[PDB]
Amino acid sequence: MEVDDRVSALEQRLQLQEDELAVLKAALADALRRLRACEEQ
Amino acid sequence: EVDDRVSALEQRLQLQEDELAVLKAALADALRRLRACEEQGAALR
Amino acid sequence: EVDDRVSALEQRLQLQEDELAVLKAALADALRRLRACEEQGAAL
Ligand SMILES: [K+]
């Protein structure tokens, strides 16, 4: 049953990673749009 | 069931892996485009 | 047996953490340099 705490801990840390990835994705897609609007500029 | 939770974890980890691969290739493209614009900027100066 | 899967997941999660860290750091620099290019084109 100690195993249950390690699964729980993995679930929580993974959620923080998922949230961090979502944040990066939006920042990156924004950078790409700005860059594509500097290429054409 | 613990096996169901570990399975659900493995699925979420695979999807994270896909996303990271894609974001990494996308970042590489972004840096290329950035370097190009910087080189254009310095040349224009 | 399920502990071997859990251990393997912990080792994978940390490698993914490290990947994201490289991505985040390089993106931070790119944005800094992006702003600079925008600002030296708004003044121009
Ligand atoms: K970020």
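The figures here come from the full heavy-atom set of this structure, side chains too, leaving out hydrogens, waters and symmetry mates. Residue numbers begin at 1 in each chain, while the letters A, B, ... track the order of the sequences.
One N or O on the side chain of C/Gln16 and one on the backbone of B/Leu13 form a donor-acceptor pair closer than 3.5 Å.
There is no contact between C/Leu44 and chain B, counting heavy-atom distances below 4.5 Å.
Between atom CG of residue B/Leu31 and atom CZ of residue C/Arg33 there is a gap of 6.5 Å, rounded to the nearest 0.5 Å.
Closest heavy-atom contact between B/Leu20 and C/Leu23: O-CD2, 4.0 Å.
For B/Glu17 and C/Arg12, the salt-bridge test passes: some basic side-chain N is under 4.0 Å from an acidic carboxylate O.
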